[PDB]
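Q: structure_19.txt is reproduced in full below (compact mmCIF, C-alpha atoms).
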# COMPACT_ATOMS: atom_id res chain seq x y z
CA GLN Q 1 94.99 37.32 125.70
CA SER Q 2 96.96 35.91 122.76
CA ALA Q 3 95.83 33.65 119.92
CA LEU Q 4 95.11 30.08 120.95
CA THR Q 5 97.31 27.11 120.03
CA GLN Q 6 96.04 24.64 117.42
CA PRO Q 7 97.93 22.00 115.44
CA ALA Q 8 99.20 23.19 112.08
CA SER Q 9 97.80 20.22 110.15
CA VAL Q 10 96.48 16.76 111.04
CA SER Q 11 96.02 13.97 108.50
CA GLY Q 12 94.37 10.57 108.68
CA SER Q 13 92.02 8.23 106.82
CA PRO Q 14 88.26 8.11 106.21
CA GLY Q 15 86.26 6.42 108.96
CA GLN Q 16 89.21 6.79 111.34
CA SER Q 17 88.88 9.32 114.17
CA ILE Q 18 90.99 12.45 114.53
CA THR Q 19 91.11 14.81 117.51
CA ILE Q 20 92.16 18.47 117.44
CA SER Q 21 93.84 20.21 120.37
CA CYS Q 22 93.19 23.80 121.49
CA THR Q 23 95.41 25.27 124.23
CA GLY Q 24 94.87 28.70 125.76
CA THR Q 25 95.30 30.52 129.08
CA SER Q 26 93.46 29.81 132.30
CA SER Q 27 91.73 33.12 131.53
CA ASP Q 28 90.83 31.92 128.02
CA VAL Q 29 89.62 28.35 128.43
CA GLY Q 30 90.27 27.19 132.03
CA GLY Q 31 88.15 29.83 133.73
CA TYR Q 32 85.15 29.38 131.46
CA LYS Q 33 82.91 26.76 129.87
CA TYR Q 34 82.44 28.69 126.65
CA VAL Q 35 84.51 26.91 124.00
CA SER Q 36 83.15 26.92 120.45
CA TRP Q 37 84.69 25.60 117.25
CA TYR Q 38 84.26 26.50 113.60
CA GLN Q 39 85.24 25.30 110.14
CA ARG Q 40 86.33 26.78 106.82
CA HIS Q 41 85.39 25.23 103.57
CA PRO Q 42 87.70 27.02 101.14
CA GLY Q 43 86.17 30.15 99.68
CA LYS Q 44 83.09 29.70 101.90
CA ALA Q 45 81.65 31.11 105.17
CA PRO Q 46 82.24 29.78 108.70
CA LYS Q 47 79.88 27.16 110.15
CA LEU Q 48 79.42 26.48 113.87
CA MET Q 49 79.43 22.95 115.16
CA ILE Q 50 80.77 23.34 118.70
CA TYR Q 51 79.60 25.59 121.50
CA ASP Q 52 79.08 25.02 125.26
CA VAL Q 53 82.29 22.84 124.94
CA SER Q 54 80.31 19.58 124.40
CA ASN Q 55 76.93 20.98 123.21
CA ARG Q 56 75.59 21.31 119.68
CA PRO Q 57 73.28 23.21 117.32
CA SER Q 58 70.54 21.33 115.53
CA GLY Q 59 71.63 19.68 112.28
CA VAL Q 60 75.30 18.93 113.01
CA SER Q 61 76.24 15.31 112.33
CA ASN Q 62 76.95 13.31 115.50
CA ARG Q 63 80.54 12.79 114.28
CA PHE Q 64 81.91 15.95 115.93
CA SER Q 65 82.33 16.15 119.71
CA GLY Q 66 84.05 18.66 121.96
CA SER Q 67 85.86 18.12 125.24
CA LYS Q 68 87.46 20.17 128.00
CA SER Q 69 90.17 19.76 130.64
CA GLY Q 70 92.70 22.15 132.13
CA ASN Q 71 93.92 24.52 129.43
CA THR Q 72 93.06 22.02 126.70
CA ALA Q 73 89.91 22.01 124.64
CA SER Q 74 89.58 19.26 122.07
CA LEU Q 75 87.43 18.35 119.08
CA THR Q 76 86.95 14.72 118.02
CA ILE Q 77 85.74 13.67 114.56
CA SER Q 78 84.46 10.09 114.52
CA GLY Q 79 84.03 8.34 111.19
CA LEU Q 80 86.13 10.67 109.06
CA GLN Q 81 85.51 11.24 105.36
CA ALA Q 82 86.92 13.32 102.54
CA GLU Q 83 83.65 15.09 103.32
CA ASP Q 84 85.40 16.33 106.47
CA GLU Q 85 88.51 17.98 104.93
CA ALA Q 86 88.43 21.61 106.10
CA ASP Q 87 90.11 24.17 108.38
CA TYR Q 88 89.20 24.23 112.08
CA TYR Q 89 89.22 27.10 114.61
CA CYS Q 90 88.46 26.94 118.32
CA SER Q 91 86.95 29.96 120.06
CA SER Q 92 86.52 30.98 123.70
CA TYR Q 93 85.45 33.90 125.85
CA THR Q 94 88.26 35.49 127.88
CA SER Q 95 88.21 37.09 131.36
CA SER Q 96 90.56 39.89 130.25
CA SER Q 97 90.84 42.96 127.99
CA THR Q 98 89.23 41.22 125.00
CA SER Q 99 86.11 39.04 124.96
CA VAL Q 100 86.70 36.46 122.24
CA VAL Q 101 89.85 34.59 121.24
CA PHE Q 102 90.48 32.18 118.38
CA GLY Q 103 93.02 29.48 117.71
CA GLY Q 104 95.61 29.60 114.98
CA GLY Q 105 93.60 27.00 113.07
CA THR Q 106 94.07 23.44 111.89
CA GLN Q 107 93.87 22.05 108.36
CA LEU Q 108 92.55 18.48 108.35
CA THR Q 109 93.73 16.76 105.16
CA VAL Q 110 91.95 13.52 104.23
CA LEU Q 111 94.26 10.93 102.69
CA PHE T 486 74.44 15.06 132.53
CA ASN T 487 74.33 15.41 136.33
CA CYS T 488 77.89 16.75 135.95
CA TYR T 489 77.85 20.56 135.91
CA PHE T 490 80.68 23.01 136.48
CA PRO T 491 79.54 24.80 139.66
CA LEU T 492 80.46 28.31 138.41
CA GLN T 493 78.39 30.67 136.24
CA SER T 494 78.96 34.14 134.80
CA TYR T 495 76.70 37.02 135.83
CA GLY T 496 77.04 39.30 132.79
CA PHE T 497 75.37 42.56 133.87
CA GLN T 498 73.92 43.83 130.59
CA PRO T 499 75.03 47.46 130.12
CA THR T 500 71.68 49.17 130.56
CA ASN T 501 69.22 46.36 131.24
CA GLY T 502 69.72 46.25 134.98
CA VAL T 503 67.25 47.50 137.54
CA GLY T 504 68.21 44.67 139.87
CA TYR T 505 70.54 43.27 137.22
CA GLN T 506 73.51 45.63 137.61
CA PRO T 507 76.99 45.41 139.17
CA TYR T 508 76.82 46.47 142.82
CA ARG T 509 80.34 46.51 144.19
CA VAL T 510 79.30 45.64 147.71
CA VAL T 511 82.16 46.48 150.03
CA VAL T 512 81.59 45.04 153.50
CA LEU T 513 83.40 46.22 156.61
CA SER T 514 83.72 43.65 159.39
CA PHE T 515 84.78 45.34 162.61
CA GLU T 516 86.99 43.00 164.62
CA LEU T 517 87.90 43.91 168.22
CA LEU T 518 89.55 41.54 170.76
CA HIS T 519 89.26 44.24 173.44
CA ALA T 520 92.93 44.36 172.35
CA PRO T 521 95.06 47.24 171.09
CA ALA T 522 92.76 49.02 168.72
CA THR T 523 94.61 50.30 165.73
CA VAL T 524 92.28 51.82 163.12
CA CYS T 525 90.35 54.40 165.10
CA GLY T 526 89.05 57.74 163.94
CA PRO T 527 90.29 61.31 164.07
CA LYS T 528 89.87 62.26 167.72
CA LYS T 529 92.18 64.90 169.15
CA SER T 530 93.97 63.31 172.09
CA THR T 531 93.74 66.10 174.66
CA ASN T 532 95.93 66.30 177.76
CA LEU T 533 95.24 63.98 180.69
CA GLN P 1 65.77 32.91 105.73
CA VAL P 2 67.58 34.80 108.50
CA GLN P 3 70.62 36.11 106.62
CA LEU P 4 73.03 39.04 106.89
CA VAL P 5 74.32 41.06 103.92
CA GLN P 6 77.04 43.72 103.88
CA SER P 7 78.15 45.72 100.88
CA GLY P 8 80.72 44.76 98.24
CA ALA P 9 84.49 45.08 98.58
CA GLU P 10 86.41 48.35 99.01
CA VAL P 11 89.80 49.51 97.75
CA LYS P 12 91.42 52.00 100.14
CA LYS P 13 94.78 53.69 100.53
CA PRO P 14 96.04 54.44 104.07
CA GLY P 15 94.47 57.21 106.13
CA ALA P 16 90.95 57.10 104.64
CA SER P 17 87.63 56.02 106.17
CA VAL P 18 85.43 53.18 104.96
CA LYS P 19 81.71 52.46 105.25
CA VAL P 20 80.54 48.87 105.75
CA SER P 21 76.85 48.08 106.06
CA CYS P 22 75.04 44.95 107.14
CA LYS P 23 71.28 44.61 106.62
CA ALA P 24 69.39 41.84 108.39
CA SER P 25 66.46 39.65 107.35
CA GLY P 26 64.00 37.06 108.62
CA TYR P 27 63.66 38.12 112.27
CA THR P 28 62.93 40.93 114.74
CA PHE P 29 65.74 43.47 114.28
CA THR P 30 65.45 44.86 117.82
CA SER P 31 66.09 41.55 119.65
CA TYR P 32 69.59 40.24 118.90
CA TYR P 33 73.00 41.92 119.03
CA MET P 34 75.26 42.57 116.01
CA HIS P 35 78.81 41.27 116.37
CA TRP P 36 81.69 42.15 114.07
CA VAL P 37 84.67 39.96 113.19
CA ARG P 38 87.48 40.59 110.68
CA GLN P 39 90.22 38.31 109.33
CA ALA P 40 93.69 39.85 109.10
CA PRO P 41 95.80 38.26 106.33
CA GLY P 42 97.49 35.13 107.64
CA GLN P 43 96.33 35.58 111.24
CA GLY P 44 92.91 34.45 112.44
CA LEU P 45 89.57 36.01 113.11
CA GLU P 46 89.26 39.14 115.18
CA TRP P 47 86.30 40.82 116.89
CA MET P 48 85.98 44.63 117.02
CA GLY P 49 83.02 45.54 119.17
CA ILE P 50 79.25 45.59 118.97
CA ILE P 51 76.18 47.82 118.93
CA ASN P 52 72.72 47.15 120.35
CA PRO P 53 69.83 47.62 117.89
CA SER P 54 67.61 48.47 120.86
CA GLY P 55 69.52 51.56 121.99
CA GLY P 56 72.66 51.91 119.90
CA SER P 57 75.09 51.51 122.80
CA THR P 58 78.62 50.97 121.49
CA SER P 59 81.91 49.46 122.62
CA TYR P 60 85.01 48.07 120.92
CA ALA P 61 88.50 46.71 121.35
CA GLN P 62 91.07 48.82 123.16
CA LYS P 63 93.56 48.18 120.32
CA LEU P 64 90.99 49.96 118.11
CA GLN P 65 90.59 53.27 119.99
CA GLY P 66 89.07 56.16 118.07
CA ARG P 67 89.48 54.32 114.73
CA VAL P 68 86.00 52.73 114.90
CA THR P 69 82.42 53.95 115.41
CA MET P 70 79.54 51.53 114.88
CA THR P 71 76.21 52.96 113.72
CA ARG P 72 72.94 51.33 112.68
CA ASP P 73 69.51 51.85 111.10
CA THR P 74 66.41 50.28 112.64
CA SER P 75 64.06 51.39 109.81
CA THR P 76 65.99 49.48 107.14
CA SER P 77 67.37 46.89 109.62
CA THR P 78 70.84 47.97 108.51
CA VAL P 79 73.87 48.33 110.79
CA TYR P 80 76.94 50.32 109.69
CA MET P 81 80.66 49.77 110.35
CA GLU P 82 83.28 52.54 110.30
CA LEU P 83 87.07 52.39 110.30
CA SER P 84 89.18 55.52 109.94
CA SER P 85 92.94 56.20 109.77
CA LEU P 86 93.31 53.10 107.67
CA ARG P 87 96.56 51.13 107.65
CA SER P 88 97.98 48.29 105.56
CA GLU P 89 97.05 45.51 107.99
CA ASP P 90 93.45 46.78 107.93
CA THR P 91 93.21 44.63 104.80
CA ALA P 92 90.81 41.98 106.12
CA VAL P 93 87.54 40.17 105.48
CA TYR P 94 84.95 41.92 107.66
CA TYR P 95 81.97 39.91 108.94
CA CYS P 96 78.74 40.93 110.64
CA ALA P 97 77.58 38.48 113.29
CA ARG P 98 74.34 37.92 115.19
CA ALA P 99 74.05 36.85 118.83
CA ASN P 100 72.46 33.50 119.69
CA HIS P 101 69.85 34.94 122.04
CA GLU P 102 67.43 37.84 121.97
CA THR P 103 68.11 40.71 124.33
CA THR P 104 66.21 39.62 127.40
CA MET P 105 65.52 41.35 130.68
CA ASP P 106 67.23 40.14 133.84
CA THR P 107 69.13 37.65 131.72
CA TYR P 108 71.80 35.01 132.34
CA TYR P 109 72.83 33.63 128.92
CA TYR P 110 75.86 35.57 127.75
CA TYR P 111 75.62 37.64 124.58
CA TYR P 112 78.71 36.70 122.60
CA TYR P 113 77.48 33.56 120.80
CA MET P 114 78.55 34.20 117.21
CA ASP P 115 76.18 32.08 115.11
CA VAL P 116 74.68 34.07 112.19
CA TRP P 117 76.91 35.60 109.61
CA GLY P 118 77.45 37.85 106.65
CA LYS P 119 78.75 36.66 103.31
CA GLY P 120 82.03 38.44 103.99
CA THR P 121 83.48 41.73 102.81
CA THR P 122 87.19 42.09 102.17
CA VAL P 123 89.01 45.39 102.70
CA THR P 124 92.09 46.20 100.64
CA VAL P 125 94.44 48.90 101.95
CA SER P 126 97.93 49.64 100.62
CA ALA G 27 108.94 7.19 172.96
CA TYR G 28 106.00 8.64 174.89
CA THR G 29 106.12 11.05 177.82
CA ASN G 30 103.76 12.71 180.30
CA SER G 31 102.62 16.32 179.87
CA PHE G 32 102.08 16.58 183.57
CA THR G 33 100.64 20.12 183.73
CA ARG G 34 102.26 22.09 180.91
CA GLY G 35 100.63 23.83 177.97
CA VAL G 36 98.79 26.58 179.85
CA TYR G 37 98.70 29.96 178.14
CA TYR G 38 97.06 33.30 178.78
CA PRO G 39 93.66 32.85 177.09
CA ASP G 40 93.46 36.49 175.99
CA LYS G 41 95.26 39.81 176.37
CA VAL G 42 93.26 41.09 179.36
CA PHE G 43 95.01 41.60 182.67
CA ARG G 44 93.37 40.16 185.78
CA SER G 45 94.45 39.91 189.39
CA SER G 46 93.78 37.51 192.26
CA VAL G 47 90.82 35.89 190.52
CA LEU G 48 89.93 32.32 189.61
CA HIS G 49 88.70 32.82 186.05
In structure tokens, what does this structure look like?
A:
Amino acid sequence: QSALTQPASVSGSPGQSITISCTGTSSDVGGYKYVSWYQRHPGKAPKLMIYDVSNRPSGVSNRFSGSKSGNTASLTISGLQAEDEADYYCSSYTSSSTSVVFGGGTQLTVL
Amino acid sequence: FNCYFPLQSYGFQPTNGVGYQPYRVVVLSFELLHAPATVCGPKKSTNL
Amino acid sequence: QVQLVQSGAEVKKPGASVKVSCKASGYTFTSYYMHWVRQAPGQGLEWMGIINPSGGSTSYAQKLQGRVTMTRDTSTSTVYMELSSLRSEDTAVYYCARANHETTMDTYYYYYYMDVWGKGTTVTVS
Amino acid sequence: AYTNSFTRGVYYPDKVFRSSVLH
């Protein structure tokens, strides 16, 4: 399908919680349980925190959780810090021509 | 926990399937009411 | 130390062909898949296609017909990435990606988990 | 407003002709 929909930029405060939306097609997110998110520290490599919508690799801080309903996937960051300021991309398998789709991305700026 | 989406994806690895391959199983169910049959094969309808 | 390394950067003009490697380390080269993701400038990350280290079977995106052929080397645990008829938007950061399960017989877990990564390798075409 | 259905509602159960038979 087409690139997923993510907020352009979300700001907040440390320790406060911020949630990131990810909209796709029913063939991108709503037909599957395969949503995974990623983050960009500038000039660095990706890093996986989210996969299996709400499941986790070993070593990811319990501050990041993923959620799923309808066409909306969502990532929640509890107890924000300036440690958390990065870019964020949601990913999903698609039931169509392609196999993997990504969101436009979201820059989380810590104020 | 105890809350699972009831659907799963098969996958069908390209060449790893001996009983793990896509088998497009078409099934014909032959329904007759002893009514007007409508789908019947190429028989030449001779004179009466 | 399971880590993936491609080559350095390349500077192309349109119409050429480019050779991108990716050696592997720290595991059994014949188990996992090798996934490949680029980053077009300003638009997000983009998967080409993959190749199986066990047999070499290939596949790729329809939008990338005939302009890509993925090869590999089991002896050096090196997998190779080809892109011909190069165009300006082919400027991208090309990543080699490892699947989050070993190729397993009669399997269920799907093989597109993108979890292990290359440093990155940017292509410049103008 | 309720009414009696005295004997109506009977329909040919199938599409098979019969004759002079209590089926």
Q: Excluding residue 85 of chain P and its own-chain neighbours fewer than 5 positions away, which residues fall within 12 Å of it when counting all atoms listed in the file? Please give them as a PyMOL selection string.
A: chain P and resi 12-18+64-68+90+125
Q: How would the residues just chosen look if you wrote them out with C-alpha atoms as a short mmCIF file (atom, residue, chain, number, x, y, z; two decimals), keeping the file's coordinate frame?
A:
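Here's the written file selection_39.cif:
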data_model
loop_
_atom_site.label_atom_id
_atom_site.label_comp_id
_atom_site.auth_asym_id
_atom_site.auth_seq_id
_atom_site.Cartn_x
_atom_site.Cartn_y
_atom_site.Cartn_z
CA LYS P 12 91.42 52.00 100.14
CA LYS P 13 94.78 53.69 100.53
CA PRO P 14 96.04 54.44 104.07
CA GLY P 15 94.47 57.21 106.13
CA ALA P 16 90.95 57.10 104.64
CA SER P 17 87.63 56.02 106.17
CA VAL P 18 85.43 53.18 104.96
CA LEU P 64 90.99 49.96 118.11
CA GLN P 65 90.59 53.27 119.99
CA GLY P 66 89.07 56.16 118.07
CA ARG P 67 89.48 54.32 114.73
CA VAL P 68 86.00 52.73 114.90
CA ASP P 90 93.45 46.78 107.93
CA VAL P 125 94.44 48.90 101.95
#
Q: What are the residues of chain T that have an atom within 10 Å of an atom of chain Q, counting only C-alpha atoms, as a ChimeraX atom specification?
A: /T:490,492-494
Q: For the contact check between chain T and chain P, emit one row per residue of chain T within 7 Å, containing the shortest atom pair and the distance in Å rounded to one decimal, counting all atoms listed in the file, chain then rising number order, as JSON lines.
A:
{"residue": "T:495", "atom": "CA", "partner": "P:108", "partner_atom": "CA", "distance": 6.3}
{"residue": "T:496", "atom": "CA", "partner": "P:110", "partner_atom": "CA", "distance": 6.4}
{"residue": "T:501", "atom": "CA", "partner": "P:105", "partner_atom": "CA", "distance": 6.3}
{"residue": "T:502", "atom": "CA", "partner": "P:106", "partner_atom": "CA", "distance": 6.7}
{"residue": "T:505", "atom": "CA", "partner": "P:106", "partner_atom": "CA", "distance": 5.7}
Q: Atom CA of residue 124 of chain P and atom CA of residue 83 of chain P are how many Å apart?
A: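 That distance, rounded to one decimal, is 12.5 Å.
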Q: Up to 10 Å from chain T, what residues of chain G turn up? Count all atoms listed in the file and give them as number ranges by chain.
A: G: 40-42
Q: Chain P near chain Q within 7 Å: what's each residue's closest atom pair and its distance in Å to one decimal, counting only C-alpha atoms, ordered by chain then ascending residue number, as CSV?
A:
residue,atom,partner,partner_atom,distance
P:44,CA,Q:104,CA,6.1
P:45,CA,Q:102,CA,6.6
P:47,CA,Q:100,CA,6.9
P:61,CA,Q:98,CA,6.6
P:115,CA,Q:48,CA,6.6
P:119,CA,Q:45,CA,6.5
